[PDB]
Amino acid sequence: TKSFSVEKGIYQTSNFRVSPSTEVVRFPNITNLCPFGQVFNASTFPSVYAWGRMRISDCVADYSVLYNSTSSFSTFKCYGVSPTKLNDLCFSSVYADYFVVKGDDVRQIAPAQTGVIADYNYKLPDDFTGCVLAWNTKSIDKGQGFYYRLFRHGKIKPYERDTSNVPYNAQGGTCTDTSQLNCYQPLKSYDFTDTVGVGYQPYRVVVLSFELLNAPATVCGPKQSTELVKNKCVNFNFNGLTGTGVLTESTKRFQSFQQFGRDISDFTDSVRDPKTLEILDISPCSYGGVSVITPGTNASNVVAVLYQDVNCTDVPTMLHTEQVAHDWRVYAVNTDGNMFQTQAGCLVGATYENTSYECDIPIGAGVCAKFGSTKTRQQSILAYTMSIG
Amino acid sequence: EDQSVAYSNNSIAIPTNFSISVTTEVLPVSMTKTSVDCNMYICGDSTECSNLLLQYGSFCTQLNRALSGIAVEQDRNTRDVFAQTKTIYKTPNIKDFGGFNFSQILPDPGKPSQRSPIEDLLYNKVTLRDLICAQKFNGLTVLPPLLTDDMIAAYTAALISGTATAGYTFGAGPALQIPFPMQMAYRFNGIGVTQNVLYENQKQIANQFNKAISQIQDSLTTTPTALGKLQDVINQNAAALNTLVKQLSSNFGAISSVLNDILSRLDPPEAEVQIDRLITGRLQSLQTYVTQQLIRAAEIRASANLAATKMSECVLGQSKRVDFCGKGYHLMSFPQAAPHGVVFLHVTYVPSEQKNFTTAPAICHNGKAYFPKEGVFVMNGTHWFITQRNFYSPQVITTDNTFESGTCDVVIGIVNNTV
Amino acid sequence: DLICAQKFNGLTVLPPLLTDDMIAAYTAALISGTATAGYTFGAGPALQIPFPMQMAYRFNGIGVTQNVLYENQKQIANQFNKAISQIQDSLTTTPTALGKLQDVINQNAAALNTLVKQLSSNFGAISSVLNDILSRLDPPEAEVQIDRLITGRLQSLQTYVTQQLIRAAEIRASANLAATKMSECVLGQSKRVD
Amino acid sequence: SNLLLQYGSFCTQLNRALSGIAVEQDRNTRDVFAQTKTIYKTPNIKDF
Ligand SMILES: *[C@@H]1O[C@H](CO)[C@@H](O[C@@H]2O[C@H](CO)[C@@H](O[C@@H]3O[C@H](CO)[C@@H](O)[C@H](O[C@H]4O[C@H](CO)[C@@H](O)[C@H](O)[C@@H]4O)[C@@H]3O)[C@H](O)[C@H]2NC(C)=O)[C@H](O)[C@H]1NC(C)=O
Ligand SMILES: *[C@@H]1O[C@H](CO)[C@@H](O[C@@H]2O[C@H](CO)[C@@H](O)[C@H](O)[C@H]2NC(C)=O)[C@H](O)[C@H]1NC(C)=O
Ligand SMILES: *[C@@H]1O[C@H](CO)[C@@H](O[C@@H]2O[C@H](CO)[C@@H](O)[C@H](O)[C@H]2NC(C)=O)[C@H](O)[C@H]1NC(C)=O
Ligand SMILES: *[C@@H]1O[C@H](CO)[C@@H](O[C@@H]2O[C@H](CO)[C@@H](O)[C@H](O)[C@H]2NC(C)=O)[C@H](O)[C@H]1NC(C)=O
Ligand SMILES: *[C@@H]1O[C@H](CO)[C@@H](O[C@@H]2O[C@H](CO)[C@@H](O)[C@H](O)[C@H]2NC(C)=O)[C@H](O)[C@H]1NC(C)=O
Ligand SMILES: *[C@@H]1O[C@H](CO)[C@@H](O[C@@H]2O[C@H](CO)[C@@H](O)[C@H](O)[C@H]2NC(C)=O)[C@H](O)[C@H]1NC(C)=O
Ligand SMILES: *[C@@H]1O[C@H](CO)[C@@H](O)[C@H](O)[C@H]1NC(C)=O
Ligand SMILES: *[C@@H]1O[C@H](CO)[C@@H](O)[C@H](O)[C@H]1NC(C)=O
Ligand SMILES: *[C@@H]1O[C@H](CO)[C@@H](O)[C@H](O)[C@H]1NC(C)=O
Ligand SMILES: *[C@@H]1O[C@H](CO)[C@@H](O)[C@H](O)[C@H]1NC(C)=O
Ligand SMILES: *[C@@H]1O[C@H](CO)[C@@H](O)[C@H](O)[C@H]1NC(C)=O
Ligand SMILES: *[C@@H]1O[C@H](CO)[C@@H](O)[C@H](O)[C@H]1NC(C)=O
C-alpha cells in the first residue's frame with residue numbers, strides 16, 4: 001500500500017523478499033562445428049529454377065566465425081527471430097536453400113511478393129520463420145549459364161520446384177515444334193557482362209529455415225555448463241527454455257524423446273536436463289500466501305506474520321532463510337516462544353493466550369489477535385480463540 | 001387436473017380432522033472467499049513483465065479491494081444469519097419433553113461428532129497433475145471462513161434448547177421458562193384453534209410429530225436432488241476458478257502463450273507488440289471474473305437477508321404471513337446448518353376430512369337479529385350450532401357468543417329459531 | 001424491417017414456454033377458486049363458502065363488525081360494480097398507466113438494434129467490412145487490421161451481456177416481490193400497512 | 001473463425017449467461033402464476 005501510515009488490521013502482501021542469485025546454463029555436449037563451408041565458401045550454385053536444399057544436424061553454430069576472412073553481407077534479414085538471440089537458442093530442425101539471382105531480384109526473396117522470381121521460380125510461405133542472406137558475387141560469376149523461368153500458365157506453391165523444359169504455347173496447351181510465332185521457349189539466360197550496370201550483377205542468396213518443437217535439438221549454439229544447484233531460488237537456462245524456480249528430484253515419466261512437460265495452464269514443471277537425462281521438477285520461487293498483522297503505525301512497530309496452508313515444520317524450506325536478510329531470520333527458523341500452529345496456518349511473532357475475548361483483528365478458523373502487554377511489562381501481540389458468548 | 005365445482009349459496013364446508021406436516025426449505029448464505037495475486041497471475045516470474053505492468057495504473061488495487069470487500073461481506077452474512085443470541089443455553093440431557101422427541105435435532109452426547117443426526121446426514125450428502133496445485137502456482141488462493149463448523153453447531157443447539165425450554169421469549173429479553181406442552185398450546189391458540197384440542201389429543205399429536213420427523217429424515221436419505229440449491233453454489237464457484245486457469249492457454253493473436261518464448265526470440269520493437277496483446281487479454285479475463293463475482297455476491301446477499309428475516313420471524317416467533325414459514329397454518333420451525341447454507345424444518349397444520357352443512361347468516365329473536373361474534377352457524381339436521389372455521393367443535397347457542405344489531409327486516413338469509 | 005438484420009447477424013428471440021391461454025386459465029382458476037371458496041385452498045383442501053360470508057369475514061379481519069355488510073349489502077355491491085366500471089373507463093382513457101411494462105419492451109428492443117448498429121463501426125481499422133480487408137491486404141498487415149475489429153466486437157458483446165445480467169437481477173427482485181404479493185394479498189388478507 | 005478459435009472460451013461463457021437468464025425468466029413466470037395444481041371451472045353465472 002503506497003503510503004507511510006497503516007491502520008490496524010491484517011493485510012496481504014506481495015513477495016518483495018527473495019530474489020535469485022545463481023545461474024545454471026546446462027546445455028548438450030557436442031563439439032562439431034557446423035559446415036559453413038561448402039555453403040558460403042562453395043564453388044558452384046544452381047539456377048533459381050532448379051534450386052538446391054540441404055539439412056544440417058549434429059553441430060554447433062556460432063556466427064562470429066563468419067567475421068574472420070569472409071565477405072560482408074549486403075542483405076541480412078530475419079523474420080521469426082531476432083539476430084541478437086541466435087547465439088542462445090537450440091533448433092529442432094534447420095534447412096538451407098541456396099541459389100543465384102540478379103541484384104534487382106534480391107528484393108523478391110521475401111514473403112508476399114510478386115514478379116517472375118516469386119510466382120514462377122521460388123515462393124516463400126506467409127508464415128516464414130528463418131533468415132535471408134544475400135551478397136554480391138560479381139567477380140566469380142560470369143558467362144551465360146544461369147536461367148530463370150519466364151513463361152508459365154499458373155503460379156507455383158510454397159517450397160515447390162519445377163524443372164520441366166517443354167515448349168510454351170500462347171493460346172492453350174501443347175506445342176511440339178518451335179518456330180511458329182505463337183510458340184516460345186520458356187527459359188531465359190541472365191546475361192552477366194563484366195561492364196554492366198549495378199542491379200544487373202549476380203547475387204548469391206541463402207535462406208535458412210528454422211523449426212522449434214518439442215524434440216531433441218541438433219544445431220545448438222555456444223554456451224557453457226554450470227552444474228545443478230537444487231533447493232535454492234535460481235535462474236535456469238536449459239536448452240532454449242528460460243525462467244526462474246526451485247529445482248527438485250522428480251519421478252515422472254516422459255514418452256521417450258521429449259523435452260519438457262506442461263499443465264492445463266502451460267506452466268513448465270519438468271526438464272529432461274541433458275547429459276544426465278534425469279527428470280527434475282520446477283516450483284515457483286515463492287507460492288502460497290503471507291499476511292501481516294499490525295496494530296497501527298502510530299501505536300507500535302511490532303508486527304506478526306501468518307503463513308497460510310503451511311505447517312510449522314518446513315517454514316525454513318517454504319521461506320528461504322538462507323537467502324533473506326538478518327531482520328527476517330528473527331522470524332522463520334527459530335523459536336523464542338513465538339512459533340504457533342493454528343488451523344489457518346503458522347503464526348510467527350505472537351504468544352498464545354488461554355482466556356477468551358471478542359475479536360479485534362480476525363485471523364481465521366476461530367483465532368483472533370489483539371495488541372496488549374504481558375506480565376513482563378512489554379507491548380506485544382496476543383492471539384486467542386474467539387468467544388461466541 | 002380439473003376439479004370443477006360450481007357454487008353453493010347455502011352450504012358451508014368445515015374440516016373435522018388435521019395433520020401435522022414437516023416441510024424442508026433450503027437457503028444459501030455464503031460463498032467461497034477467494035484472493036488473487038496480480039503479479040504472479042499475469043506475469044509470473046518475469047521482471048520485464050512486472051516493469052511493463054507498472055505502467056497500467058491502479059487496476060489491481062481496485063481488483064484486490066473488490067475481492068477483499070466480498071470476502072468480508074461473506075463473514076458478515078454468516079454472523080448476521082446465525083449469531084442472533086447473546087448467550088448459549090446448554091443442551092438438556094433429557095431430550096424427551098412430554099412425549100415430543102428432539103432425539104434427531106439436538107446433539108447426542110454419546111456420539112463424539114457433537115452434531116445432530118440430520119446435520120450429519122446433510123454434511124454427508126453435500127460433496128465437492130492436480131487442480132488445486134495449478135491454482136496456487138498462478139496466484140489464486142482460497143481463504144478459510146472465520147466461524148468454524150463447531151461454533152455454528154453450537155449456535156444451532158443453543159437456539160433449539162432455548163426455544164424448547166423457554167419458548168420464543170428469549171428474542172425480546174431474558175428467557176422465561178415454560179413447559180413445552182404449554183408452548184404448543186399457545187401456538188395452537190395463535191392460529192384460531194382452541195387450546196383444548198392439543199390437550200384432548202396430546203398422544204396422537206405427539207406420535208404424529210415423531211413420525212413426521214422420522215419420515216423427513218427418510219426422505220432426505222432417499223431423494224438426492226433435494227439439496228441441489230446449495231450444491232450449485234459450490235459448483236458455480238469452482239467451475240469459475242478452473243475456467244480462469246484455462247484462459248492462460250490462449251494467445252489472443254500473439255505468437256505464443258508463453259512469455260519466456262516471446263522474450264527468448266524477439267527484439268523489443270516486436271516484443272512489446274506481442275506482449276501487450278497477452279497483457280490486455282489477461283486483464284480482460286480477470287476483470288470479467290471480478291464482475292461476475294460481484295453480481296453473484298449481490299444475489300447471495302439478497303438470499304442471506306431473506307434467511308435472516310426467516311430466522312427472526314419463524315424461529316423466534318409465530319408468523320401470520322401466508323406461505324412464508326411453510327405451507328399451512330404456522331406452528332413453528334427449526335434451523336439446521338449445512339455447507340454454505342441453512343435448512344429450515346417447518347412444522348405446520350393441515351386440515352383434512354371435511355364435511356358439509358347448511359348455513360344462515362343470522363338468527364331472529366323477538367324481532368332482533370343476532371350475528372356471530374367469532375363463529376359460523378351450521379345445521380346438523382335438527383339443531384342450529386355455532387362452530388369455529390378451522391376445526392369442527394360446535395357450541396350451543398347462548399347470549400355470550402353472539403351480538404345483536406338492528407331488527408329483522410332488511411336482513412337477508414335469516415332463519416327463525418329460538419334461544 | 002429491423003428484424004431481418006437481427007436474424008442475419010446471429011441474434012434470436014426465443015418464445016416463452018407458457019402461452020397466453022395457459023396464463024389466462026391460471027388467472028381464471030384463481031378467480032373462480034377465490035370466488036366460490038375463499039382463501040381456503042391456500043392452506044390445504046379447498047372448502048366452499050358463499051362470497052358474502054367470505055367478505056364478511058374480511059370485515060372481521062379489520063376490526064369492523066360484520067353487521068355493517070348485513071345492513072348495507074346492496075350498497076356495497078353497487079359500489080363494487082361502479083368501481084369496476086370506473087376502473088375500466090380509467091384504463092380506456094389514461095394512456096400512461098402501463099408505461100412500466102412498456103419500457104420493459106422498448107428498452108429491450110433498443111438494446112438489440114444498438115448492437116446491430118455497432119457492426120458499422122471500424123474501431124480504427126481501414127473499414128468496417130472484413131471482405132475489404134481480406135481482398136486488398138496481406139496477412140502481415142491483415143492480422144493487425146482484423147484484430148482491432150475482433151476486439152471491438154467482442155467488447156461490445158461483453159458490454160451487452162453485462163447490462164443484460166444487471167437487468168435480470170432487477171427483474172428477478174421485482175418478480176420475487178410480485179410472487180410474495182400474490183401469496184399474501186390474493187391467497188389471504190394482509191395486515192401490513194400500504 | 002480460425003483466428004477467433006484462438007480467443008479461448010468467451011463465446012461459451014456468453015452463451016451460458018444468456019441461457020441462465022432465459023431459464024430464469026420461465027422460473028419467474030412459473031413462480032408468480034403457477035401456484036395451484038387444480039383449475040376450478042368458471043361458474044355459469046357471474047353474479048354472486
Ligand atoms: C502441377 O502440374 C499440373 C500439370 O500436370 C498443372 O496443371 C496445369 O495448369 C495449367 C494452368 O496453370 C493448365 O494450363 C491451362 O490449360 C487449359 C486447358 O488446356 C487452357 O485452356 C489454358 O489456356 C488458357 O489460359 C492461358 C493462360 O494461362 C491462355 O494463354 C490461353 O489462351 C487460355 O486462355 C491453360 O493452358 C494446364 O492445362 C494444367 N495441366 C495440364 C498439363 O493439363 C498444375 O498447375 C501444377 N501445379 C503447380 C505446382 O503449379
Ligand atoms: C582467421 O582467418 C585466418 C585466414 O588465414 C585463418 O588462418 C588459417 O585458418 C585455417 C583454418 O582455420 C587454420 O588451419 C590455419 O592454421 C590458419 N592459419 C593462420 C594464419 O593462423 C585463421 O585460423 C582464422 N581464425 C579464426 C577462424 O578465428
Ligand atoms: C514478348 O516479347 C516479344 C518482343 O517484345 C514480342 O514480340 C514477339 O517476339 C516473338 C519472338 O521473336 C515472336 O514470335 C512474336 O511473333 C512477336 N510478337 C510481336 C507481335 O511482336 C512478343 O509479342 C511478346 N510476347 C508476349 C507479350 O506474350
Ligand atoms: C556427455 O553427456 C553424456 C550423457 O548424455 C555423459 O554420459 C555420462 O556422463 C557421466 C557424468 O558424470 C559420466 O560419469 C558417465 O561415464 C557418462 N557415460 C557415458 C556413456 O558417456 C558424458 O559423460 C558427457 N560427456 C561430457 C563431455 O561430459
Ligand atoms: C384424525 O386422524 C388420525 C389418524 O391420522 C386419528 O388418529 C387415530 O385414532 C384412532 C382411534 O380413533 C387410532 O386407532 C389410530 O391408531 C389413530 N391414528 C393412527 C393411524 O395411529 C384421529 O383419531 C382422527 N381424529 C378425528 C377427529 O378424526
Ligand atoms: C352485472 O350483472 C348483470 C347480470 O346479473 C348484468 O346484466 C346484464 O349484463 C349484460 C352483459 O353481461 C348486459 O349486456 C345487459 O345489458 C345487462 N342487463 C341485463 C339484461 O340484466 C350487468 O350488466 C352487470 N353489470 C356490470 C356491473 O357489469
Ligand atoms: C575460400 O577459402 C579459401 C582459403 O581461405 C580462400 O582463398 C577463398 O577466397 C575463399 N573463397 C570464398 C571466401 O568464397
Ligand atoms: C499439518 O498438521 C496437522 C496436524 O498434525 C495435520 O493434520 C496435517 O496433515 C499437517 N499438514 C501438513 C502440511 O503436513
Ligand atoms: C339461494 O338460491 C335460491 C335459488 O336462487 C334463492 O331462492 C335463495 O334466496 C338464495 N339464498 C341465498 C343464501 O342467497
Ligand atoms: C428419541 O429418539 C431416539 C431414537 O428413536 C430414542 O432412542 C429415544 O429414546 C427417544 N427419546 C425419547 C425418550 O423419546
Ligand atoms: C354434502 O356432499 C354430499 C356429496 O356431494 C351430498 O350428498 C350431501 O347432500 C351434501 N350435504 C350438504 C349439506 O351439502
Ligand atoms: C348431529 O348429527 C348426529 C348424526 O350425524 C346425531 O347423532 C347428533 O345427535 C346430532 N346432534 C345432536 C342433535 O346432538
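All values below were derived from every heavy atom in this structure, side-chain atoms included, with hydrogens, water molecules and symmetry-related copies excluded. In listed order, ligands and their atoms are each counted from 1. Letters A, B, ... mirror the listed sequences (proteins, then strands); counts begin at 1.
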For [atom], decide whether some protein heavy-atom distance is shorter than 4.0 Å.
{"atom": "atom 4 (C) of ligand 11", "result": "no"}
{"atom": "atom 27 (C) of ligand 6", "result": "yes"}
{"atom": "atom 5 (O) of ligand 6", "result": "yes"}
{"atom": "atom 14 (O) of ligand 11", "result": "yes"}

Do any nitrogen or oxygen atoms of B:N356 lie less than 3.5 angstrom from nitrogen or oxygen atoms of ligand 11?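 For ligand 11, there is an N or O atom that lies under 3.5 Å from one belonging to B:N356.
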Tell me whether the NZ or CZ atom of B:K310 lies within the 45° cone about the ring axis of B:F344 and under 6.0 Å from its centre. no
Just by modelled atom types, is the B:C314 backbone N or O under 3.5 Å from a matching donor or acceptor in the B:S319 side chain?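 Not a single qualifying donor-acceptor pair exists.
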Does B:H346 offer a backbone N or O that forms a donor-acceptor pair with the side chain of B:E25 under 3.5 Å? no
Which ligand 12 atoms does B:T382 reach within 4.0 Å, using its non-hydrogen atoms?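 In order of number, 13 (C).
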Within a reach of under 6.0 Å around CG of C:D20, are more than 12 heavy atoms found that belong to other residues, nucleotides or ligands?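 Atom CG in C:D20 is not packed in, count stays at 12 or less.
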Exceeds 12 heavy-atom contacts within 6.0 angstrom, atom CD of B:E299: no
Among protein heavy atoms, which lies nearest atom 10 (C) of ligand 12, and at what distance? B:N380 ND2, 2.4 Å
Are side-chain heavy atoms of B:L316 and B:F170 found at a separation under 4.5 Å? yes
Can you list the ligand 11 atoms lying under 4.0 Å from a non-hydrogen atom of B:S11?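 Near B:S11, meaning under 4.0 Å from one of its heavy atoms, ligand 11 has 14 (O).
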Atoms in ligand 11 with a heavy atom of B:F357 nearer than 4.0 Å: 13 (C)
Identify, by atom number and element, the atoms of ligand 6 in contact range of C:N81, meaning under 4.0 Å from any of its heavy atoms.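 Taking each heavy atom of C:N81 in turn, ligand 6 has 27 (C) under 4.0 Å.
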Atoms of ligand 6 under 4.0 Å from any heavy atom of D:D47, numbered from 1 in the order shown, are 5 (O)
Assess the pair B:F385 and B:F377: is the distance between their ring centroids shorter than 6.0 Å?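 No: the rings miss the under 6.0 Å criterion.
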Test of ring centre spacing under 6.0 Å for B:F102 and B:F180: yes
